[PDB]
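What follows is a single structure, written as structure tokens, with notes after it.
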Amino acid sequence: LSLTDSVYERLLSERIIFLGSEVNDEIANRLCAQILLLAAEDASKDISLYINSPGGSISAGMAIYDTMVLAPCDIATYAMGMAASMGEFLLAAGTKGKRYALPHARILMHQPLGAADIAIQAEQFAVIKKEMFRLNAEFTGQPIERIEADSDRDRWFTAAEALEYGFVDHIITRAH
Amino acid sequence: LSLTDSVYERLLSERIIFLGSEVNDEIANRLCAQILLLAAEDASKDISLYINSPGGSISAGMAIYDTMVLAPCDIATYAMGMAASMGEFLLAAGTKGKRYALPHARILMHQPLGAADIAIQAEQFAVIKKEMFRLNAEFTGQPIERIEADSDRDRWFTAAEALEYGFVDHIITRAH
Amino acid sequence: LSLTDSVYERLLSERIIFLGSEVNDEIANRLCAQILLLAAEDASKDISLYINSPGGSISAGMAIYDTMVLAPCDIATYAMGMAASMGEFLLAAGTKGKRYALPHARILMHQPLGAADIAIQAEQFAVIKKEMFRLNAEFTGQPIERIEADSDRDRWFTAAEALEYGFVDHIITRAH
Amino acid sequence: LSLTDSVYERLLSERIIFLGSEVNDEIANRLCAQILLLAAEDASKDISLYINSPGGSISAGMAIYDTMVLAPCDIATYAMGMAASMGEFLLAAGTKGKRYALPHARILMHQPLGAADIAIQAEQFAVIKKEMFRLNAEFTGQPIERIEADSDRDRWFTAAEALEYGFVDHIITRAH
Amino acid sequence: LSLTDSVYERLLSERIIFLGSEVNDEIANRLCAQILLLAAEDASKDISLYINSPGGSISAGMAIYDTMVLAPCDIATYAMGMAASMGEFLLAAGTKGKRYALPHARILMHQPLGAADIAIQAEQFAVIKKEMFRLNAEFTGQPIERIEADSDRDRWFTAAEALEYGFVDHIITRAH
Amino acid sequence: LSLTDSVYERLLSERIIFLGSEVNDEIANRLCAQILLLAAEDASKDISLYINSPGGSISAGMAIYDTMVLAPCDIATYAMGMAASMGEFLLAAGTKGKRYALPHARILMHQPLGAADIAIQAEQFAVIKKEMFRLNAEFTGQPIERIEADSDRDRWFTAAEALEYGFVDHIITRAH
Amino acid sequence: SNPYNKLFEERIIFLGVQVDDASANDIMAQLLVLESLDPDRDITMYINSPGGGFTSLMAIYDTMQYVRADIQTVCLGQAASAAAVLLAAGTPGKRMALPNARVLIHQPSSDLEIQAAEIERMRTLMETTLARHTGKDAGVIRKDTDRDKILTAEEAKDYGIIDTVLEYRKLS
Amino acid sequence: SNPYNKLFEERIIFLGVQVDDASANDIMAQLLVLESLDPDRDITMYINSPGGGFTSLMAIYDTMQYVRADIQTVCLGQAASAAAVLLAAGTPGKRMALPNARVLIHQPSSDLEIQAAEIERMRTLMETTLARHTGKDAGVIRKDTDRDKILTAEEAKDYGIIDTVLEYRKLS
Amino acid sequence: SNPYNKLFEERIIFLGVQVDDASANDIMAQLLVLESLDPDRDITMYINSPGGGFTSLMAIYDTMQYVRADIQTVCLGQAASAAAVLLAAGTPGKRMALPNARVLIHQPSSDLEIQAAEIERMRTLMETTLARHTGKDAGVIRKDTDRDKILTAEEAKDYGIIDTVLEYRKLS
Amino acid sequence: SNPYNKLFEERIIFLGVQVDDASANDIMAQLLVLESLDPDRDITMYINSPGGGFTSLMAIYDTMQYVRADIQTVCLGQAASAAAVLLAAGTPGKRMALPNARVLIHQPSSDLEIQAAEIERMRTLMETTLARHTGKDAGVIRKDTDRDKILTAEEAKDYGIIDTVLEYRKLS
Amino acid sequence: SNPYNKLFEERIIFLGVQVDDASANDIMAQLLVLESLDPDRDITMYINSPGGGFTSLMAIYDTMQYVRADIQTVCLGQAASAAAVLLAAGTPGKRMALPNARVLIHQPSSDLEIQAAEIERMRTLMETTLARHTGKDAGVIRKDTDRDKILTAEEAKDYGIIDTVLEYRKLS
């Protein structure tokens, strides 16, 4: 093992998972594996998910979302660092009432950036992008036409703006 | 060990195997080894097989299929991410009634992409490609002439289309 | 493990964390993970934070600050080596009365150094730089106009000057 | 250790060895070491040898054959993937009655591909190639003139053809 | 550890050492260390030495020979693969009556291949080459003038020829 | 760990240290650390020092000599392989009566090979080279003018010549 | 001197292999020199390239249609979906090809939506350009483009790309 | 100047070694310069290359059969299954070879099915080209091609590739 | 200009070092230029190369025996089993060598059986070529080839390779 | 033009630094051009090289002794055990050296026995060559060679290598 | 042509930067061409180099003192302990330097004892060479050499290196 590989294992025993890199074909598999392990260990507790991701892909984050929904536990998502086009979807994917955010968080509501099979690659990207815009409106409760206007402008948010927008439910300033 | 190498070992004790990369001459050996180990440990349980593969070869996946058939357990295959020309064959290879799929899965029904021995290389590829088109019709139950028409068009599928096509049997939206 | 990876783990059991490199997207995640682990292990003790950083970014150090504030323990920050534009903010972030400094410390009061999205990158950097200048005045107690004048001149400090400036509260010359 | 290095060790305790790469000066030493360890642990059981090799050398496989013959156990060789000019010799080297094959195996009956000492290098290769053609006729029972004609044509085989040719004795379709 | 590094350690507890690479300044140190460890653990047993070396140097093999002679145990040397100019000297270095050979061994009786200090380098090589030709005649019992004629011709041997030449004493075809 | 890193650790528990590489700024630190550990574990036993070094520096070997003299144990130095300008000094540094040598050892009595600070670099090399020529005469007992004549000629020695020269005291041909 | 200079002296533009953004500024500069020197003598172009880009293809297509001298395209070897457009853009009645020619027609070569949009635009532009000269309809060429169509010298004469196949001029 | 220029002045095309897509545009440019300069004088070609591609082979084969000047192929060294076709494509009666020549005939060099199809197509095309000049049947050449056939200067005269073997012109 | 051009003006072919497949097409092109310019004047060749290949050796050997001009081989330095054949292939009576020459004769340089077969074939061909000029038998040369034979200028005169050793022409 | 050409026009061979197998074919080609142009005018050689090989040293030594023009060696800088032989191989009475010259004489530069044998052979050959010109015995030169002997311009005049030391020709 | 040729036409030797073993054979070849062309006209040398070796420094120092033409050294920029010797080795009364010159004098650049011995030897040789021209004693220069002495154009005139400082010739 190593130094950073031992602290994560010790925190895994306390039902705490991390996401500190851009979600891709690699980190998504580890995240789903950790979530499934924590769900198989106990099915009556909560799983803290600290989110800090400067980016990522949607095809990999959709699997993480399905894994979070499949787990019978109660995912408590936190906004540790900054969410950029992929951390907000997982931050709002948690159960209503457990989506917290640190007072210096920056939620970036934005869509992800992205031979002869480019046609089917664009058709598959156009069928999951509209699905993300539906789940984002279902979670935050805002009208659907609001996120389609706030997504292209790269409108950055703060911990106080994301609270009234519908992303998070609380702002932990001094808690346990 | 490492972080991703410890969670997989801890999940192996709970009879859970993963496939998150393109099946090749390497991953296939590890998959068969894990399946044989789980079959030798106990011969009266189920082996969950989470499938997420953007591609792979057929010569290596055939060995995984034979290993799955050889194991006396009941393989429960899941569609975690997306199956592309190699994950669908292993998803439909499980026992009838245990082939599940996440609501945001994308099953790609497609054939795999692929000196002086090119003649025998084409003859060996032409004898296992028709065998795959027979097992695919035997598993899904669709007529044989349907997959030979849906394979060249790169027709992508969804979790709802793959349910009525014959790939999976259930759509786990909220389960354990 | 290794030699330097074992001493840090043995010191982690005694509630002692280190910071000996430039805080970036990597070290910040490990620091927050260690702080959260030490807070989940016990919520009635102190966490010694030895600071020695020749630089770093502000976007990553803000997360460390929020993690330190979130932990219900009492962070005891020390000035082991030299603080350069990122170690001073974490040195003054500790609780009042536990911010110590070695007699040969050098606190450098300075701001951090830092396509088509450069406008929003400058707007996001201009909203967290003024927030840092508010927390620095809140911690040290000096007027706000003092740090805005001492930050651009790269004014270096000593253990005796930082004591009367408002950074630290004690100078440990011979203690335990 | 690692993920693939732990499953092999756990299977070694159950007297199961693998061969998933081209036999060379490296893999042959590990195979002989594992066989000798399994023979020294117990001399009254069987050693399952799963064969999947796309090639290899004869000078290294001869040592594996001598090690298999030296072990007083009963080697049970299986055709997991495909045997190409080196896996067939080890598949037929097992005891008569324990040489199985998966229903999708491809046995390739072929000879291996291969300064100033090229003369002795050709003389040493010409004295072990005829010895292989004798053991192949002794194992399969076919006349000696049959393999010398089927070896140069690169005649590929199937699980059903290798059963009637003399390579294997059974076709495990559904067993333990 | 690893896969090949664990089987060797498990075989070391059973007093079994291996040599599967060209003896050089590295492998010789490990071999002498293993021999000394096995001699310090017990001084009333035998040490099996499986020899498979396609070459090596004489300056490093002389140390292995002195270490084998220093150990008060009874070294049982085997001809697993092929001995090429360095494995024969260690194969005949064992005690008379314990030098076995596999039926497909190839013993190559040959001498090893090999600024301003080339004169002393040739004088030191000329004083240990004649010493090797004396120990080879002392072990095999053949006249001294026979090996000086069979060494330059690169005369290869078989398991049956090496038995009557004086290299080994038995041919293990079916033993324990 | 590894294979060669485990045998050395197992031999360290039996008070046996090795030197199989050129003594430099790296190996010297490990040797002094091992000697100090063996001296702190027990101060009433002997420490076997097997010497096989084709070269090295004098500035690093002087520290090893001082560490050997500082240890209150009785260092038993052996000539396993060949000593070249640095192994002889450590071979004769042991206590009188415990300096053994294998019958095929080659002791090379020779001095080691070796901006704007070259003057002080030559003055420091000229003050430790004469000190080595004093300790060599004190250990072997030969007149001082003998080694100054035998050092520049690169006069190689054998196990029998080094016995009568004054390097070693015994020739272990068959012992424990 | 090199044979390329002796060919250019006879107003011969030998298109290199794998034409790209850097290899197009040299063929577009030769079409402007031979047009100012002698404006009524035709310019022949020997086609030999296993494909290329498209951003520089449309820069040479209109350039061949802008000069006053007639273009005589002679296909040497093959044309992998890029040189076929230049072979068909020549003067009608002067588009020749050797009997062992391989006129290949296949698919040419946020950054995912706009990329697919530009690919579709360049594809339909290439299909319109091919249908303008071959006298066919864009639908048929699009149906024959999705597959890796390999046209021979005899199969390309009745297709509309070339007009005549060159015969062997051997005296023995 | 280099001796290559002095050879080209005598209409000598010295084919380099390992002819490929890049080395074919230079030999196809020399066949078009010497044909326009002097159209009745023959062009000799010294063959020396240890194999090559095939996509550019058919571009030079028909080019040698398109010029009006007769081709005199003289084999120097060897010809590894690619230069033998050019050696046999010369003028009948002018195909020479040194007595130490090695005319080698072996196998030339979804992406697995179409690749094998193109390989079979180029193989049968090469066999037809060889049988057209040697006067044999494609079956015999296919039977002699599967193995690494090594033909000597004396074994290639009665085979149909070369017509005469050059003798030594030493005066002493 | 370089001294190589001034030497070639006097019909001097200075063979480079480590002759291979690429360095043989340049020496075979100079033997064809000097033969067409002046066919009765001899051509001298200064031999200096520490070995080389064999696939290109037989392409230069017969080329030296094909030109009408006589070859005068002068050995400069050494000849490591490859340049010795060219030194012995010169005109009888004109094969010279400096008194400090080192005429080396050693071994020259499924893919294991056919490789050994080709090696044996090229070895016996080289031995036959050496025995044809030196007037010896192939057995003696094969017996002297297995070992790394090092022949001096005085030991090569009576061996059959060279005919005369050049003396010093110093006037003081 | 470069000053090297203007020097070669005056029959000046400026030996480069670190002479090897590749840098010897250029100095051996200049000794054959100046000998055929003007055979009675002397050829001067400015020596400047910090050592080199020996396999090419004996190829230039006899070459300097084979030409009819007298060699005037002038040492510029140093000579590390390889250029000293060429400095001493010049014409007696014309071997000059600057007063700040460093004539170095040290050791020159199965594969272990034959390598040492060849090293001993080349060493004794170099010693014999040095003793032939300096008029000394091989034993004395071998005794002075084992150590890194550094000879100055004044210590090399009475040693036998050089005959006269050049003085400064400054007019002020 | 390049301005370096137009300068050399006026007998101007522009010494490059970082003179070494390879950059000295070019400056030593220009001193021998201009000396044979016109032996009474002076040769000027513009000094600009941030240091260099010493093994080639003594080869140019005596070369500047061997030619009959007078050397006029003009310092341009700086001289890091190597070009200062050449600046001081010029003709007395013709050693000029721009007013912004930096004449640096610092330390120049078994294998440990002999290396230090050679370093001490070259150091004392450089100090003797500097004291011979500057008219000082070796002790004072050795005392001023151990430290990184930085001499200006005005501090080098009374030191003995340069004799006059060039003024600005601006007409406005």
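How things are named: the first chain in the structure tokens is A, the next is B, and so on; residues count from 1 in each chain; ligands count from 1 in the order shown.
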
Picked from range 21-102 of chain C by DSSP as alpha helix (DSSP H), as a VMD selection string
chain C and resid 27 to 41 58 to 70 87 to 91

Residue 157 in chain F surroundings by only C-alpha atoms, 8 Å radius, close-in-sequence under 2 positions cut, as number ranges by chain:
F: 106-109, 155, 159, 161-162

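Proximity to chain H was assessed for I:15, I:166, I:125, I:112 counting only C-alpha atoms; the smallest distance is recorded for I:125.
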
Mind checking which residues fall within 9 Å of residue 63 in chain F, counting only C-alpha atoms, ignoring those fewer than 4 positions away in the same chain, and posting them as an MDAnalysis selection string?
chainID F and resid 28:29 32 58:59 67:68

Could you name the residues that touch residue 160 in chain F at 12 Å or less, counting only C-alpha atoms, but leaving out those on the same chain fewer than 2 positions away, as a list in words?
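Returned residues: residues 100, 101, 102, 103, 104, 105, 106, 107, 156, 157, 158, 162, 163, 164, 165, 166, 167, 168, 169, 170, 171, 172 and 173 of chain F.
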
Kindly provide, as a list in words, the residues of chain J having any atom no farther than 10 Å from an atom of chain E, counting only C-alpha atoms.
residues 106, 107, 108, 109, 110, 111, 112, 113, 114, 115, 116, 117, 119, 120 and 146 of chain J

Using only N, CA and C atoms, please write the residues we just selected to a file, as a PDB file, in the first residue's frame.
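Output (again_39.pdb):
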```pdb
ATOM      1  N   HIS J 106      50.816   7.082 -24.409  1.00  0.00           N
ATOM      2  CA  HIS J 106      50.185   6.230 -23.408  1.00  0.00           C
ATOM      3  C   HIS J 106      49.654   4.982 -24.105  1.00  0.00           C
ATOM      4  N   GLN J 107      48.859   4.207 -23.379  1.00  0.00           N
ATOM      5  CA  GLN J 107      48.342   2.954 -23.915  1.00  0.00           C
ATOM      6  C   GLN J 107      47.222   3.230 -24.912  1.00  0.00           C
ATOM      7  N   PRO J 108      47.262   2.638 -26.101  1.00  0.00           N
ATOM      8  CA  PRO J 108      46.174   2.821 -27.065  1.00  0.00           C
ATOM      9  C   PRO J 108      44.979   1.941 -26.722  1.00  0.00           C
ATOM     10  N   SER J 109      43.875   2.205 -27.414  1.00  0.00           N
ATOM     11  CA  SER J 109      42.646   1.447 -27.209  1.00  0.00           C
ATOM     12  C   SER J 109      42.534   0.300 -28.208  1.00  0.00           C
ATOM     13  N   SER J 110      35.292 -16.590 -27.948  1.00  0.00           N
ATOM     14  CA  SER J 110      35.915 -15.829 -26.871  1.00  0.00           C
ATOM     15  C   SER J 110      36.304 -14.430 -27.336  1.00  0.00           C
ATOM     16  N   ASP J 111      35.954 -13.424 -26.532  1.00  0.00           N
ATOM     17  CA  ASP J 111      36.281 -12.034 -26.827  1.00  0.00           C
ATOM     18  C   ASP J 111      37.177 -11.413 -25.760  1.00  0.00           C
ATOM     19  N   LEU J 112      37.821 -12.234 -24.936  1.00  0.00           N
ATOM     20  CA  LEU J 112      38.721 -11.761 -23.890  1.00  0.00           C
ATOM     21  C   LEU J 112      40.173 -12.139 -24.130  1.00  0.00           C
ATOM     22  N   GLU J 113      40.433 -13.353 -24.616  1.00  0.00           N
ATOM     23  CA  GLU J 113      41.800 -13.754 -24.930  1.00  0.00           C
ATOM     24  C   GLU J 113      42.262 -13.152 -26.252  1.00  0.00           C
ATOM     25  N   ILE J 114      41.448 -13.289 -27.303  1.00  0.00           N
ATOM     26  CA  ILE J 114      41.827 -12.753 -28.606  1.00  0.00           C
ATOM     27  C   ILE J 114      41.892 -11.232 -28.570  1.00  0.00           C
ATOM     28  N   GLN J 115      41.067 -10.594 -27.735  1.00  0.00           N
ATOM     29  CA  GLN J 115      41.129  -9.141 -27.605  1.00  0.00           C
ATOM     30  C   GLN J 115      42.456  -8.706 -26.997  1.00  0.00           C
ATOM     31  N   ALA J 116      42.879  -9.371 -25.919  1.00  0.00           N
ATOM     32  CA  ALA J 116      44.166  -9.051 -25.311  1.00  0.00           C
ATOM     33  C   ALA J 116      45.315  -9.365 -26.260  1.00  0.00           C
ATOM     34  N   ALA J 117      45.179 -10.427 -27.058  1.00  0.00           N
ATOM     35  CA  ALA J 117      46.218 -10.762 -28.026  1.00  0.00           C
ATOM     36  C   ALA J 117      46.346  -9.677 -29.089  1.00  0.00           C
ATOM     37  N   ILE J 119      45.443  -6.587 -28.738  1.00  0.00           N
ATOM     38  CA  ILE J 119      45.946  -5.389 -28.073  1.00  0.00           C
ATOM     39  C   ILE J 119      47.461  -5.457 -27.924  1.00  0.00           C
ATOM     40  N   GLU J 120      47.985  -6.609 -27.498  1.00  0.00           N
ATOM     41  CA  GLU J 120      49.433  -6.769 -27.389  1.00  0.00           C
ATOM     42  C   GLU J 120      50.105  -6.644 -28.752  1.00  0.00           C
ATOM     43  N   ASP J 146      54.101   2.472 -20.452  1.00  0.00           N
ATOM     44  CA  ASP J 146      53.183   1.986 -19.424  1.00  0.00           C
ATOM     45  C   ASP J 146      52.635   3.128 -18.576  1.00  0.00           C
TER      46      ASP J 146
END
```

Nearest candidate to chain B (options A:23, A:70, A:31, A:47; using only C-alpha atoms):
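The closest residue to chain B is A:70.
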
Could you list, as a PyMOL selection string, every residue within 12 Å of residue 25 in chain E, counting only C-alpha atoms and ignoring same-chain residues fewer than 3 positions away?
(chain E and resi 21-22+28-32+56-64) or (chain F and resi 19-22+52-54+81-82)

Got time to write the residues from that selection, N, CA, C and O atoms, as an mmCIF file, in the first residue's frame?
```cif
data_model
loop_
_atom_site.group_PDB
_atom_site.id
_atom_site.type_symbol
_atom_site.label_atom_id
_atom_site.label_comp_id
_atom_site.auth_asym_id
_atom_site.auth_seq_id
_atom_site.Cartn_x
_atom_site.Cartn_y
_atom_site.Cartn_z
ATOM 1 N N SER E 21 18.198 -18.418 -14.800
ATOM 2 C CA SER E 21 18.730 -17.314 -15.586
ATOM 3 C C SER E 21 20.238 -17.471 -15.712
ATOM 4 O O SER E 21 20.850 -18.344 -15.091
ATOM 5 N N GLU E 22 20.834 -16.611 -16.533
ATOM 6 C CA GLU E 22 22.280 -16.613 -16.713
ATOM 7 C C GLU E 22 22.956 -16.123 -15.439
ATOM 8 O O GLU E 22 22.675 -15.017 -14.965
ATOM 9 N N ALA E 28 24.260 -14.766 -8.671
ATOM 10 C CA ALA E 28 25.208 -15.510 -7.847
ATOM 11 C C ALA E 28 25.094 -15.116 -6.380
ATOM 12 O O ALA E 28 25.148 -15.979 -5.495
ATOM 13 N N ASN E 29 24.934 -13.820 -6.102
ATOM 14 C CA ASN E 29 24.782 -13.374 -4.721
ATOM 15 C C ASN E 29 23.528 -13.956 -4.084
ATOM 16 O O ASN E 29 23.575 -14.432 -2.943
ATOM 17 N N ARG E 30 22.406 -13.939 -4.806
ATOM 18 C CA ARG E 30 21.171 -14.520 -4.290
ATOM 19 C C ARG E 30 21.313 -16.019 -4.061
ATOM 20 O O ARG E 30 20.804 -16.548 -3.067
ATOM 21 N N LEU E 31 22.005 -16.717 -4.964
ATOM 22 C CA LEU E 31 22.186 -18.156 -4.806
ATOM 23 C C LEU E 31 23.031 -18.476 -3.580
ATOM 24 O O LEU E 31 22.687 -19.366 -2.793
ATOM 25 N N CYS E 32 24.145 -17.759 -3.397
ATOM 26 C CA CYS E 32 24.966 -17.982 -2.210
ATOM 27 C C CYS E 32 24.206 -17.630 -0.937
ATOM 28 O O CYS E 32 24.333 -18.325 0.079
ATOM 29 N N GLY E 56 26.269 -17.816 -18.744
ATOM 30 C CA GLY E 56 26.731 -17.155 -17.541
ATOM 31 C C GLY E 56 28.235 -16.977 -17.573
ATOM 32 O O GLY E 56 28.919 -17.403 -18.499
ATOM 33 N N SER E 57 28.736 -16.329 -16.527
ATOM 34 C CA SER E 57 30.158 -16.068 -16.368
ATOM 35 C C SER E 57 30.778 -17.054 -15.383
ATOM 36 O O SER E 57 30.089 -17.674 -14.570
ATOM 37 N N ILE E 58 32.100 -17.185 -15.466
ATOM 38 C CA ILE E 58 32.818 -18.114 -14.603
ATOM 39 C C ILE E 58 33.207 -17.469 -13.274
ATOM 40 O O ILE E 58 33.227 -18.146 -12.240
ATOM 41 N N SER E 59 33.501 -16.165 -13.275
ATOM 42 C CA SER E 59 33.891 -15.492 -12.040
ATOM 43 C C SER E 59 32.757 -15.500 -11.024
ATOM 44 O O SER E 59 33.000 -15.551 -9.811
ATOM 45 N N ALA E 60 31.511 -15.451 -11.496
ATOM 46 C CA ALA E 60 30.363 -15.514 -10.600
ATOM 47 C C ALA E 60 30.007 -16.941 -10.207
ATOM 48 O O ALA E 60 29.604 -17.171 -9.061
ATOM 49 N N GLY E 61 30.144 -17.902 -11.126
ATOM 50 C CA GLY E 61 29.869 -19.289 -10.799
ATOM 51 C C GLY E 61 30.880 -19.927 -9.873
ATOM 52 O O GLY E 61 30.534 -20.865 -9.147
ATOM 53 N N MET E 62 32.124 -19.442 -9.882
ATOM 54 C CA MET E 62 33.111 -19.945 -8.935
ATOM 55 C C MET E 62 32.696 -19.660 -7.496
ATOM 56 O O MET E 62 32.884 -20.511 -6.619
ATOM 57 N N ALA E 63 32.127 -18.479 -7.238
ATOM 58 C CA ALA E 63 31.629 -18.176 -5.900
ATOM 59 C C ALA E 63 30.488 -19.103 -5.506
ATOM 60 O O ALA E 63 30.418 -19.542 -4.353
ATOM 61 N N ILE E 64 29.593 -19.416 -6.445
ATOM 62 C CA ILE E 64 28.516 -20.358 -6.160
ATOM 63 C C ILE E 64 29.084 -21.735 -5.842
ATOM 64 O O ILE E 64 28.593 -22.434 -4.948
ATOM 65 N N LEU F 19 27.908 -8.149 1.285
ATOM 66 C CA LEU F 19 28.406 -7.024 0.494
ATOM 67 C C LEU F 19 28.728 -7.572 -0.893
ATOM 68 O O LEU F 19 29.813 -8.122 -1.109
ATOM 69 N N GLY F 20 27.783 -7.427 -1.819
ATOM 70 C CA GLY F 20 27.933 -8.003 -3.140
ATOM 71 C C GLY F 20 27.977 -6.988 -4.263
ATOM 72 O O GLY F 20 27.857 -7.350 -5.437
ATOM 73 N N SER F 21 28.149 -5.715 -3.918
ATOM 74 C CA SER F 21 28.206 -4.648 -4.905
ATOM 75 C C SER F 21 29.358 -3.712 -4.567
ATOM 76 O O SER F 21 29.999 -3.831 -3.520
ATOM 77 N N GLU F 22 29.617 -2.775 -5.474
ATOM 78 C CA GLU F 22 30.660 -1.781 -5.259
ATOM 79 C C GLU F 22 30.239 -0.827 -4.150
ATOM 80 O O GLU F 22 29.180 -0.194 -4.234
ATOM 81 N N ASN F 52 32.316 -9.623 -1.192
ATOM 82 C CA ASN F 52 32.470 -9.875 -2.628
ATOM 83 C C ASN F 52 32.214 -8.545 -3.340
ATOM 84 O O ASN F 52 31.071 -8.204 -3.651
ATOM 85 N N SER F 53 33.292 -7.807 -3.603
ATOM 86 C CA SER F 53 33.158 -6.474 -4.175
ATOM 87 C C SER F 53 34.187 -6.245 -5.276
ATOM 88 O O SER F 53 35.396 -6.273 -5.013
ATOM 89 N N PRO F 54 33.750 -6.014 -6.514
ATOM 90 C CA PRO F 54 34.687 -5.723 -7.605
ATOM 91 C C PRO F 54 35.249 -4.310 -7.599
ATOM 92 O O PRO F 54 35.940 -3.939 -8.552
ATOM 93 N N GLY F 81 33.750 -13.897 -2.896
ATOM 94 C CA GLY F 81 34.076 -13.769 -4.301
ATOM 95 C C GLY F 81 35.471 -13.232 -4.539
ATOM 96 O O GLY F 81 36.460 -13.945 -4.344
ATOM 97 N N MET F 82 35.564 -11.974 -4.961
ATOM 98 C CA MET F 82 36.844 -11.331 -5.215
ATOM 99 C C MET F 82 36.840 -9.936 -4.611
ATOM 100 O O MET F 82 35.847 -9.209 -4.712
#
```

Closest atom pairs, chain B residues within 6 Å of chain A, only C-alpha atoms, as CSV:
```
residue,atom,partner,partner_atom,distance
B:1,CA,A:1,CA,5.2
B:2,CA,A:1,CA,5.1
B:3,CA,A:5,CA,5.3
B:81,CA,A:63,CA,5.3
B:174,CA,A:70,CA,5.6
B:175,CA,A:70,CA,6.0
B:176,CA,A:72,CA,5.5
```

Save out the residues we just selected, C-alpha atoms, as a compact mmCIF listing (two decimals), in the first residue's frame.
```txt
# COMPACT_ATOMS: atom_id res chain seq x y z
CA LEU B 1 -1.67 -4.00 -2.90
CA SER B 2 -3.40 -0.73 -3.79
CA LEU B 3 -6.74 1.01 -3.34
CA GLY B 81 -22.21 0.73 -17.90
CA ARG B 174 -34.85 0.47 -6.89
CA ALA B 175 -33.71 -2.85 -5.40
CA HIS B 176 -31.07 -4.26 -3.05
```
